[PDB]
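Take a look at the structure set out below.
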Amino acid sequence: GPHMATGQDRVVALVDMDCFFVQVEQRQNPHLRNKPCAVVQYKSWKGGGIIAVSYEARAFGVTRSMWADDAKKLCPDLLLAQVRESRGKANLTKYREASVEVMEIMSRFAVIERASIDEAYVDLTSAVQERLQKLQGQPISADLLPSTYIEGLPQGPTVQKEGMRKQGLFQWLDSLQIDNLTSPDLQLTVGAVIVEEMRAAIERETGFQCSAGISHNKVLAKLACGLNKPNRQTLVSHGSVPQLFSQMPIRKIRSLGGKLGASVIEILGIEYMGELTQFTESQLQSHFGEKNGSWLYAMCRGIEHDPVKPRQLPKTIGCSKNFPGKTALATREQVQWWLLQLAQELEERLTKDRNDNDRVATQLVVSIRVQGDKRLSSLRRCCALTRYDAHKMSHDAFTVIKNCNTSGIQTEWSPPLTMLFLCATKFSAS
DNA sequence: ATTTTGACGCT
DNA sequence: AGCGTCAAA
Ligand SMILES: [Ca+2]
Ligand SMILES: [Mg+2]
Ligand SMILES: [Mg+2]
């Protein structure tokens, strides 16, 4: 009752660029704008593997992970842009730089947590309080929320999408109590006003469109973001949670898309997130462990406490290449040549990182997979990273993996290597 | 033969 | 420290 916390203390947004790599290529090549297009890596094997797809192409059924030849079967007029290749491998530099562009715009508004190359969480609590004192009890106009959906509305006693959006927003604003500065729904609404402004700034200054979720925690912000894509934002209030969760498959909640979510479904015999409310915390802890149990118990009620971490920069810098099927590396020289290629790209990125962000990596992680191994990594070993020098780094990696060669012969490597991975970690200020 | 990434938990 | 899980374009 009067003491049960409700997790309404923060305003958190999640901003996710729409079909990010496609928008990077469409900005660069206007011929691709407003067309079914996709971004592909490599070209030789089945036309390349698709990694990003415009909404126009998704309408034909084109997806990520599809081979371009197969996507062309679904969408004969599909346009393709190829990821740059350098030193024999895919090079993602253009997209990393466009991402930095967007994160720097977002950082002007608030503390952000970089969640991936194209997504960031935003803690808007303080900015919301400032906007609320500036507003001075003034009602919030629908005009300040031109692309906002209110999850769960309209409800109760037009057939076009934008009509429904405005009806729901009108119901929400009609209800709002702008008299109380501590009102969580008012705080979320002001959050949404700020996110509209941030999204406008991103589009004005980069050309890129994005979607956003606004709620009281990261999990609900992330779920909200996906409810109305592309180029829209969705507010998920605390009161919307019971109905939203009553038909929400467990796997849709972040961290439950894999084995743990599968076990929640199997062990408890449920399908939707709301059904979790019928278990005690101790029951959930018994099945899924103390940490997971407590998390599930609060989450199914819409409550989560994971903070938006102040981290705008990635914590590791890695380079990896697969050598699938018959291309697996079977000679010592091949292995050394590819270690050099990886180390040269890594050196270039590390040097740029040191100049831009005043830090230096101190550990080099080398990972390999051998033909036959079921796991993603067959071997992970670390060593000192003392100089941003590709020849030294490639030598150190070879030194640390050379004992993996079963082969009795000199020049041959067995079992053949199907993957190489170099990752610089453990950054220190410089 | 999705590939190339990046964060975080367990022990 | 090394391994596993979950997620991203
Ligand atoms: Ca995206
Ligand atoms: Mg995303
Ligand atoms: Mg995606």
Side-chain angles (χ1 to χ4, degrees), chain A residues 7 10-23 38 50-59 61-65 99 102 106 112-124 145-153 161-162 164-165 168-169 172 188 191-192 194-196 198-199 202-203 208-258 260-261 264-265 271-274 276 299-300 302-304 306 308:
Chain A
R10 294 179 293 158
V11 181
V12 175
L14 184 276
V15 180
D16 187 348
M17 308 308 295
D18 298 329
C19 52
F20 185 49
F21 288 14
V22 166
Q23 290 196 84
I50 292 173
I51 61 173
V53 185
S54 78
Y55 281 77
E56 294 87 344
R58 296 177 197 197
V62 180
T63 67
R64 194 166 22 90
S65 86
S99 175
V102 173
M106 291 176 71
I112 78 171
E113 179 183 342
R114 180 198 199 271
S116 75
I117 195 159
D118 88 314
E119 70 206 63
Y121 294 92
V122 192
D123 191 322
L124 297 162
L145 296 163
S147 65
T148 295
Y149 283 82
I150 309 298
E151 176 58 25
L153 297 179
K161 182 54 183 296
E162 172 68 8
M164 298 272 326
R165 183 197 73 84
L169 178 63
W172 174 257
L188 289 185
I194 294 167
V195 176
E196 292 272 11
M198 305 181 59
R199 290 178 50 244
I202 292 168
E203 187 177 8
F208 302 144
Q209 291 180 353
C210 62
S211 295
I214 304 93
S215 195
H216 291 295
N217 57 62
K218 293 162 71 180
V219 164
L220 290 180
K222 180 47 177 170
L223 184 68
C225 185
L227 296 176
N228 295 279
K229 275 186 151 279
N231 199 32
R232 297 291 184 270
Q233 54 184 63
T234 305
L235 185 161
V236 165
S237 65
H238 183 69
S240 75
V241 173
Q243 292 209 248
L244 183 62
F245 277 8
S246 73
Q247 301 187 90
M248 183 67 64
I250 286 158
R251 64 180 178 273
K252 302 300 184 179
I253 289 303
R254 196 197 77 237
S255 84
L256 301 181
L260 171 64
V264 168
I265 290 163
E271 39 171 342
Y272 305 120
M273 196 67 187
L276 282 165
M299 191 71 250
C300 70
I303 301 175
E304 208 226 356
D306 186 22
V308 176

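Side chains are part of it too, since the values below use all heavy atoms of this structure and drop only hydrogens, waters and symmetry mates. Each chain gets a letter, A, B and so on, in the order its sequence line appears, and its residues count up from 1.
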Practice task
Working to the nearest 0.5 Å, report the span between OG1 of A:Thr63 and CD1 of A:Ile51.
Solution key: 13.0 Å

Exercise for the section: Enter the distance from A:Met248:CE to A:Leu244:CG here, rounded to the nearest 0.5 Å. Expected result: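 Interatomic distance, A:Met248 CE to A:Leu244 CG, rounded to 0.5 Å: 4.0 Å.
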
Looking only at non-hydrogen atoms, find the nearest pair between [X] and [Y] and report the distance.
X: A:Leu220; Y: A:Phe245; answer: CD2-CZ, 3.8 Å
X: A:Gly302; Y: A:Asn217; answer: O-ND2, 2.9 Å
X: A:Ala224; Y: A:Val236; answer: CB-CG2, 3.4 Å
X: A:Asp16; Y: A:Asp118; answer: OD1-OD2, 2.7 Å
X: A:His216; Y: A:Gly7; answer: CB-O, 3.2 Å
X: A:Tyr121; Y: A:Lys222; answer: OH-CB, 3.7 Å

Handout entry: Carboxylate-amine/guanidinium proximity below 4.0 Å for A:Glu113 and A:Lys218
Key = yes

Fill in the blank from the handout: The residue among A:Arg232, A:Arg165, A:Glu196 that forms side chain to side chain donor-acceptor pair (under 3.5 Å) with A:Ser147 is A:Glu196

Are side-chain heavy atoms of [X] and [Y] found at a separation under 4.5 Å?
X: A:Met273; Y: A:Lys252; value: no
X: A:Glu203; Y: A:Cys210; value: no
X: A:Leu124; Y: A:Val195; value: yes
X: A:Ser215; Y: A:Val12; value: no
X: A:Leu235; Y: A:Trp172; value: yes

Practice task
Report, as yes or no, whether the 6.0 Å neighbourhood of atom NZ on A:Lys229 holds more than 12 heavy atoms from other residues, nucleotides or ligands.
Solution key: yes

Handout entry: Partner set under side-chain contact (heavy atoms from CB on, under 4.5 Å) for A:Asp123, not counting sequence neighbours
Key =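 A:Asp123 satisfies side-chain contact (heavy atoms from CB on, under 4.5 Å) with A:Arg10, A:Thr125, A:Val308 once adjacent residues are dropped.
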
